[PDB]
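Student: In the deposited numbering, the protein residues as written are 659 to 731, 737 to 1048.
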Amino acid sequence: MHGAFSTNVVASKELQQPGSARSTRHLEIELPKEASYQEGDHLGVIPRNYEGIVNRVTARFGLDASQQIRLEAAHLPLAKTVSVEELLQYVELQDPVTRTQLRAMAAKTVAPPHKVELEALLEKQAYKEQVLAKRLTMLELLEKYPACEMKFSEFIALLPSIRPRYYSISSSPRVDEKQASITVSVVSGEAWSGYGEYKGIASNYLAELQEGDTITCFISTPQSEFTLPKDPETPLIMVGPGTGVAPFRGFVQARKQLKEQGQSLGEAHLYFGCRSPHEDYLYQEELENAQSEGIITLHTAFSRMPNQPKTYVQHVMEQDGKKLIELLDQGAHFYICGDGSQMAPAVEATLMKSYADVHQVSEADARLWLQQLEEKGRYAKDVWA
Ligand SMILES: Cc1cc2nc3c(=O)[nH]c(=O)nc-3n(C[C@H](O)[C@H](O)[C@H](O)COP(=O)(O)OP(=O)(O)OC[C@H]3O[C@@H](n4cnc5c(N)ncnc54)[C@H](O)[C@@H]3O)c2cc1C
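1. In the DSSP assignment, the alpha helix (DSSP H) including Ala-931 goes from what residue to what residue?
2. Just to confirm, are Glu-748 and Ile-825 a CB contact at a threshold of 8 Å?
3. Under the three-state reduction of DSSP, which class applies to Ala-783: helix, strand or coil?
4. Taking the alpha carbon of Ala-737 as the reference point, which residue from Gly-984, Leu-928, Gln-1023, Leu-821 has its own alpha carbon closest?
5. Does the count of Cβ pairs from the region 1018-1025 and the region 980-997 closer than 8 Å reach three?
6. Going by the C-beta, is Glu-782 closer than 7 Å to any heavy atom of ligand 1?
7. May I ask you to check if the CB of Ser-844 is nearer than 7 Å to at least one heavy atom of ligand 1?
8. Using only CA atoms, which one of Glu-709, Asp-839, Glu-786 lies nearest to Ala-723?
9. From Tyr-934 to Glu-792, what distance separates their C-alpha atoms?
10. When DSSP builds the beta bridges, which residues end up paired with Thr-800?
11. Look at the alpha carbon of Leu-785 and the alpha carbon of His-684, and state the distance between them as a whole number of angstroms.
12. Return the Cβ separation of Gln-977 and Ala-1009 in integer angstroms, given the expectation that the two are a contact with Cβ distance under 8 Å.
13. Quick one: grab the DSSP three-state call for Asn-666.
14. Return the CA-CA distance between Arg-912 and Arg-837, expressed in angstroms with no decimal places.
15. I need the DSSP call for residue 604, collapsed to helix, strand or coil.
16. When DSSP labels each residue in this structure, what does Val-838 get in the three-state scheme?
17. For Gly-936, which option in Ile-878, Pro-969, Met-980, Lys-893 has the closest C-alpha, if you only look at C-alpha atoms?
18. Could you tell me the boundaries of the alpha helix (DSSP H) in which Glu-981 lies?
19. When the Cα of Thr-761 is compared with those of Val-667, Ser-681, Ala-789, which residue comes out closest?
20. In the DSSP assignment, the alpha helix (DSSP H) including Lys-1016 goes from what residue to what residue?
21. Going straight from the alpha carbon of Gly-957 to that of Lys-893, what length do you get?
22. Does the beta-carbon of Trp-855 have 16 or more other beta-carbons within 10 angstroms, so that it is buried, or is it exposed?
23. Going by beta carbon distance, what residues of the same chain come within less than 7 Å of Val-794, once the five residues before and after it are set aside?
24. Look up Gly-702 in the DSSP assignment and give the residues it is bridged to.
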């Protein structure tokens, strides 16, 4: 289920502070009559490959972007004439090199030591350590091996089809049913492969869009429900550092409308973490206003404030253990969003340890407690790698 539609960008702006070395974007997108969404839904984005990486390919093959050509034997337009540059928007250009890809290159290689090296990469250990660990691509190996006689049409056909990227919708449909926002951390750094500068495909595509540009996307609803309790007095604990705040911005906007409609709201704790308020404290103004209107209680942790200890949300949670565990005993829902590889597990461990300490039980009893909480639908994750 990818029921995709084309539509316009209504806003696009930077969320980090002037002089941050990093970027996080906020985009507002319009939705057509047929689409609709709910808090905790995702936007599926079909991205385009950026100019830099398209030019690296046409340069390697000595081709002009506009050169029309036709293929025949990825989801490629076959038996149609189509330029090179548009063919190149159908495929992934920076996935690790596959074993099929390596064999194809080896077979077209006429410098013998270079063939020995490409074949070396097929072995189990080398493949794990030099290809997969560093995310070494076919493109980077073609640039390294200019006398590999592979040709464009064989290149294009060996590549995977371009995949969508998911973003947690950061707005509530209770404010505007036909407009949705996303919050996009921009992937950028030195390539782990060693070949220059790395840019994440969808995130840099999204970062470069402007008001009036079009975008192809669809609404996706996750198998794991990530929604507010049915009763607005049921207490919430939300942990969402960095771009993890995204779905909680939707939660905040929802609660704010429910209040404006006379509903009473219970406690809602938002644990937010970032480097610094001088840098990446996304939506600070909105979140401080929300807190002032009693929509949330806000707890921050800063990793890089001069003259302060490095603080993460789990450290703050641990200080607040007693209170957070009493809340969960009264029927609170707990939510985590953001980084699933390090932050989520550590937050989970701190929650269980708070339980163990408060209720004087074993770690096994604390683990069973969390298991039961999840099975009741009260412990939800919107995390990613
Ligand atoms: C359910 C879900 C919800 C999500 N919600 C959000 C969200 O709300 N906001 C958000 O910003 N993202 C979100 N993501 C992540 C998002 O979908 C994209 O994966 C992310 O934006 C990166 O995709 P990309 O195309 O820009 O980069 P890609 O081109 O796909 O590259 C991604 C890969 O590059 C790797 N990489 C990173 N740095 C380097 C480097 N220097 N050298 C080599 N490789 C590197 C990454 O580890 C990753 O493996 C979500 C993901 C999921 C699954």
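Here a beta-carbon is modelled for each residue, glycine too, at the ideal position from N, C-alpha and C.
Tutor: Let's see:
1. As a working note, residue 931 is residue 268 in the sequence shown. Looking at the DSSP string, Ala-931 is not in any alpha helix (DSSP H); the run it does join, the beta strand (DSSP E), is 931-937.
2. In the sequence shown, counting from the first residue as 1, residue 748 sits at position 85. In the sequence shown, counting from the first residue as 1, residue 825 sits at position 162. Cβ atoms of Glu-748 and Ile-825: not closer than 8 Å.
3. The sequence position of residue 783 within the sequence shown is 120, counting from 1. Looking at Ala-783 - three-state DSSP - the assignment turns out to be helix.
4. Here residue 737 refers to the residue found at position 74 of the sequence shown. When only C-alpha atoms are compared, the closest one is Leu-821.
5. yes
6. The residue given as residue 782 occupies position 119 in the sequence shown. No.
7. Within the sequence shown, residue 844 is the residue found at index 181, counting from 1. No, since every heavy atom of ligand 1 falls outside the 7 Å radius drawn around the Cβ of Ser-844.
8. Within the sequence shown, the letter at position 65 stands for residue 723. Of the candidates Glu-709, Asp-839, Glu-786, the one whose C-alpha sits nearest the C-alpha of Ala-723 is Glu-709.
9. Along the sequence shown, read from residue 1 onward, the residue named residue 934 stands at position 271. Along the sequence shown, read from residue 1 onward, the residue named residue 792 stands at position 129. Cα-Cα distance, rounded: 37 Å.
10. Locating residue 800 in the sequence shown gives position 137, where the first residue counts as 1. Answer is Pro-759.
11. Here residue 785 refers to the residue found at position 122 of the sequence shown. Here residue 684 refers to the residue found at position 26 of the sequence shown. Whole-angstrom Cα-Cα distance: 42 Å.
12. In the sequence shown, residue 977 corresponds to position 314, counting from 1. In the sequence shown, residue 1009 corresponds to position 346, counting from 1. 5 Å between Cβ atoms; contact.
13. Looking up residue 666 in the sequence shown gives position 8. DSSP places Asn-666 in strand when its eight states are reduced to three.
14. On the sequence shown, position 249 is the one that residue 912 refers to. On the sequence shown, position 174 is the one that residue 837 refers to. Going by the C-alpha atoms only, they are around 12 Å apart.
15. The displayed coordinates of the chain run from 659 to 1048. Any statement about residue 604 would go beyond what the structure contains.
16. Along the sequence shown, one-based indexing puts residue 838 at 175. Residue state, collapsed to three classes: coil.
17. Here residue 936 is taken as the residue at index 273 of the sequence shown, counted from 1. The candidate whose alpha carbon is nearest that of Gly-936 is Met-980.
18. One-based indexing of the sequence shown puts residue 981 at position 318. 976-982 is the extent of the alpha helix (DSSP H) around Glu-981.
19. For this step, residue 761 is matched to residue 98 along the sequence shown. The option with the nearest alpha carbon to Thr-761 is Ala-789.
20. Position 353 of the sequence shown holds residue 1016. 1006-1021 is the extent of the alpha helix (DSSP H) around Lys-1016.
21. Locating residue 957 in the sequence shown gives position 294, counting from the first residue. Locating residue 893 in the sequence shown gives position 230, counting from the first residue. Roughly 19 Å between the two C-alpha positions.
22. For this step, residue 855 is matched to residue 192 along the sequence shown. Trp-855 comes out exposed.
23. To locate residue 794, count along the sequence shown from 1; it is residue 131. The answer, listed in chain order, is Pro-759, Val-760, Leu-784.
24. Position 44 of the sequence shown holds residue 702. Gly-702 pairs with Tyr-829, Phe-881.
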